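part one of the complex, untouched from its place in the assembly:
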Amino acid sequence: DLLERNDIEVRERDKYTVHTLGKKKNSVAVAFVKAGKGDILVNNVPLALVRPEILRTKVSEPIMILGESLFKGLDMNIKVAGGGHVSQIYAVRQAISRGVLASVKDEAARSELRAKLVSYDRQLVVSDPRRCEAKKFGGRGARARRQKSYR
Amino acid sequence: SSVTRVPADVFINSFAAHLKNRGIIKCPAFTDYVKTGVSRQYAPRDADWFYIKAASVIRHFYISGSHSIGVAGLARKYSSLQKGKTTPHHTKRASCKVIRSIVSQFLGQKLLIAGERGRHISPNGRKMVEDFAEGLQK
Amino acid sequence: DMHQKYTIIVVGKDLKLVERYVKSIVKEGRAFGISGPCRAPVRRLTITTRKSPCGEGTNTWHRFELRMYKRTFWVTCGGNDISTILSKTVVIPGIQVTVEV
Amino acid sequence: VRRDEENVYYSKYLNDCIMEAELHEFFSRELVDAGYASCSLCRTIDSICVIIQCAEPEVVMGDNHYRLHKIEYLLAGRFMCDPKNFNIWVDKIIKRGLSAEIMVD
């Protein structure tokens, strides 16, 4: 759930070759890749399986913009802990896309292929600094106060 | 695994139709009269609510496996909040008696054999439930 | 030598003081097979009191927080050896040393 | 994650800090006039070793050292201290102009 050694704690042996972190809105997804037979499963769960079915189409964005020959064969096991629900999906999306990037590895212009994915979706390779703010004395919420009786 | 690939909704609904032919568990009468939960607005109208709950506990049980889920644990999967009060609602548990019967009955069928902190599936049951999933996906 | 396993735990308010005691236990223990130090998640002790003694004014509140950091050191040694290590360790007054057999 | 959140010592350490505030009050009650400025107790070896940094050390000893451990003995009724297990490190505080409590006294 919170920054633990859960990065690889669940799996023993079968060392998965790639480790790639994806993070959106306090949700941690470490991507493990073994370059198999088209296993893109994340959270030990199918790509088609999702909390919001409509949201799955967004998490298939590297698949549509980047060549499918990449996702045609690969292997994946991702530990996603934290996040409300939709936070987990973008974090997952950051993880898998970085996981494909880690696989490209040797070609020096790996970034150039990845930037087609940034151009279609920025933050698909970048992590946002957006985090929950805090309340202050007299304030029910972070950026408000008890309604003021007199101006 | 295909038990993580069978969508939870499809697995649970499909499993209970042959459980109805099976005659496993035997949902009692007072339980089918009572409303589930201490926060539910009124009784669920599923009629076969007890039988449908029995397909709900043993699927989440496959994922829980060795760690185990006690009586409170399956109530957690269906935990709700009261929708009718002048003051704000603080979250509360569902009914303990109905949940205590569903896995105690499941111990009786030998699919679940448990002796640890609360409940764990007998391997024969884990395999068989997984086998129902094996039928479900392909 | 009845090599008992000892777990040494140190809880202290100041990080500057804590690191110095942690370094001495690691420094003293190289001869005795000391396991490296375990840093605890910070233990927050927040107390929030409206600052005003009386009720006048938009109550403004003092969040007074005390941070506790605890350090775990595993040692496999004789009962005396920790005592010999003790003279060498620099004792900061009031810092707590916990010997867990 | 497998350790009790009921770590009993975690509460114990703050008890030493209220002991420190009580000691501060204890010496503020009449030993601030004697010169008490700062205090630090050590219960790590159950020594109850307290440093009374103070403007002039000789005042508590007086002429016989009789009351020197009487302050520890006062703490003996409160915390079962033994004369000499506990110690009072009343020493010299130099540049007493820098010291504030006694400067204002």
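Everything's here; your move. Residues are numbered from 1 along each chain as shown, chains lettered A, B, ... in the order given.

give me phi/psi at the residue of chain C found nearest chain B?
When you check chain C against chain B by C-beta to the nearest C-beta, the closest residue turns out to be residue C:48, at 21.7 Å. C-betas here are computed from N, CA, C, even on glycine. In this entry, residue C:48 is assigned phi and psi values of phi -110, psi 110 (degrees, to the nearest 10).

what of residue D:89?
Listed backbone geometry of residue D:89 is phi -90, psi 70, with angles given as degrees, to the nearest 10.

thinking again about what came up before, tell me how many other residues crowd the residue of chain C closest to chain B.
A count of neighbours around residue C:48, defined by other C-beta atoms under 10 Å in any protein chain shown, yields 10.

got the buried residues for the top helix by length along chain A?
With secondary structure taken from DSSP state H, chain A has its longest helix at helix A:86-104. Buried residues in helix A:86-104, defined by neighbour count with 16 or more other C-beta atoms under 10 Å in any protein chain shown: A:86-101, A:103.

before we move on, what about stretch D:75-84?
Quick answer for stretch D:75-84 (16+ other C-beta under 10 Å): D:75-76, D:81.

do the same with stretch A:57-70
Using 16+ other C-beta under 10 Å, the residues of stretch A:57-70 that count as buried are A:59, A:62-63, A:66, A:70.

redo these as a markdown table? Include distance to chain B and secondary structure.
Conversion of the buried residues of stretch A:57-70 to a markdown table gives the following (distance: C-beta to the nearest C-beta, whole Å; DSSP: H, G, I helix; E, B strand; the rest coil):
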| residue | distance to chain B | secondary structure |
| --- | --- | --- |
| A:59 | 16 | helix |
| A:62 | 22 | helix |
| A:63 | 19 | helix |
| A:66 | 25 | coil |
| A:70 | 22 | helix |
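
here is chain E, add it in:
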Amino acid sequence: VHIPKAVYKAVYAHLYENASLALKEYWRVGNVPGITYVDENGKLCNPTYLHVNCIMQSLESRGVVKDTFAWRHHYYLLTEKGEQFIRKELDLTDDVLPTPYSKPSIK
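Chain E added:
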């Protein structure tokens, strides 16, 4: 007011021996640890916080014992003039010395 002469004389001695007392003040019924005594029935008993205070105050009021008050506590520091009056009540002897009379010297 009935305060036993055995509670009195033994109580004076506990204060005399350590030349010290630290009691969290108690408004009413209380038992003070560190002081124990023998009743007329041969029973070992502990004195009462209400009764003990009435004597504690009296000995600091006599001036025999110096006293401090930190909110809800009495810190008693016995005086040499006090030691002689304590001997005039206990029926003990001048040679007997309070335990902190000497020995805390630090080198």
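
re-run the earlier check on the buried residues of stretch D:75-84 with chain E in the model.
Of the residues in stretch D:75-84, those scored as buried under the neighbour-count criterion (16+ other C-beta under 10 Å) are D:75-78, D:81, D:83.

who does the longest helix of chain A touch, helix- and strand-wise?
With contacts defined as 3 or more C-beta pairs under 8 Å, 6 or more residues apart in numbering or on different chains; DSSP states H and E, the secondary structure elements packing on helix A:86-104 are strand A:18-23, strand A:27-33, helix A:56-59, helix A:61-65, helix A:68-72, strand A:76-82, helix A:110-120.

kindly recompute the last result at 7 Å.
With contacts defined as 3 or more C-beta pairs under 7 Å, 6 or more residues apart in numbering or on different chains; DSSP states H and E, the secondary structure elements packing on helix A:86-104 are strand A:18-23, strand A:27-33, helix A:56-59, strand A:76-82, helix A:110-120.

so which of those comes closest to chain E?
Comparing the helices and strands packed on helix A:86-104 under C-beta to the nearest C-beta, the one sitting nearest is strand A:76-82, at 48.0 Å.

run the contact check for stretch C:33-41 versus chain D.
No. For a cut-off given as C-beta under 7 Å from any C-beta of the partner chain, stretch C:33-41 has no contacts with chain D; the smallest distance is 9.3 Å.

could I get the helices and strands packed on helix A:86-104 as a markdown table with distance to residue B:47?
Formatted as a markdown table, the entries for the helices and strands packed on helix A:86-104 read as follows, by distance: least, C-beta to C-beta, whole Å:
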| stretch | distance to residue B:47 |
| --- | --- |
| strand A:18-23 | 44 |
| strand A:27-33 | 39 |
| helix A:56-59 | 34 |
| strand A:76-82 | 37 |
| helix A:110-120 | 50 |
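
winner for burial among these?
Per-residue neighbour counts averaged over each of those give the maximum for strand A:27-33, namely a mean of 24 (mean count of other C-beta atoms under 10 Å in any protein chain shown).

ok, residues contacting that one?
Identification of contacts with strand A:27-33 by C-beta atoms under 7 Å, 6 or more residues apart in numbering or on different chains yields A:3, A:7, A:16-22, A:42, A:74-83, A:87-88, A:91-92, A:95-96, A:98-99, A:102-103.

another chain to add, chain F:
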Amino acid sequence: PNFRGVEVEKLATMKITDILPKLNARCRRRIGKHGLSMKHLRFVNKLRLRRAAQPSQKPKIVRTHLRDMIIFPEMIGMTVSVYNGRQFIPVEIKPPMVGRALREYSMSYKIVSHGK
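If we add chain F to the chains shown above, we get the following:
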């Protein structure tokens, strides 16, 4: 008129134990997991032995500070002070009235008379 399955005379002669099995939760657990205090218990035998020994019109009607003691079926037939927080309120217990605290029948409040 009949109270908890017992007629007025039957409940009147019935013991405290007899009316207790069919009663409200506060009443059942008043003696079920608890009991009565020794002061409360003594008060019972300061009117009981007087209620059963009438030599004419009662000369007692004792004034008692104790108030929230659940009334007993036997104590029916007599006037109890049920002290409100200031003055005693004379209260005659009806036989159907039993099974609830003497607190309910005593008024410590002003009825209304404000609304200005």
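
same question on what packs on helix A:86-104, but with chain F included?
If you count contacts as 3+ C-beta pairs under 7 Å, 6+ apart, helix A:86-104 packs onto strand A:18-23, strand A:27-33, helix A:56-59, strand A:76-82, helix A:110-120.

residues making contact with the longest one?
Yep, that's helix A:110-120 we're talking about. For helix A:110-120, the external contacting residues (C-beta under 7 Å, 6+ apart) are A:61-62, A:65-66, A:97, A:101, A:104, A:124-125.

identify the farthest-apart pair in those residues.
A:61 and A:104 (16.8 Å; C-beta to C-beta).

could you check the angle strand A:18-23 makes with the longest helix of chain A?
If you take axes from the mean of the first three to the mean of the last three C-alpha atoms, to 10 degrees, helix A:86-104 sits at 150 degrees to strand A:18-23.

now do the helices in chain B.
Under DSSP H, chain B gives helices at B:8-22, B:29-33, B:49-64, B:71-77, B:96-108, B:123-137.

so which bits of the fifth one are buried?
Of the residues in helix B:96-108, those with enough neighbours to count as buried (16+ other C-beta under 10 Å) are B:98-99, B:101-103, B:105-107.

and if you look at the shortest one?
Within helix B:29-33, the residues that count as buried by 16+ other C-beta under 10 Å are residue B:31.

elements contacting that helix?
helix B:49-64.

and the helix it packs on, what's buried?
By 16+ other C-beta under 10 Å, the buried positions in helix B:49-64 come out as B:49-62, B:64.

not counting residues beside it along the chain, what's closest to residue 43?
Picking chain A for this. For residue A:43, ignoring the flanking residues on the chain, the nearest one in space by C-beta to C-beta, 6 or more residues apart in numbering or on different chains is residue A:80 at 4.7 Å.

should've been chain D
The shortest distance from residue D:43 to any residue other than its chain neighbours is 6.0 Å, reached at residue D:16 (C-beta to C-beta, 6+ apart).

list phi and psi for that neighbour.
Its backbone dihedrals place residue D:16 at phi -60, psi -40, with angles given as degrees, to the nearest 10.

cheers, nothing more for now.
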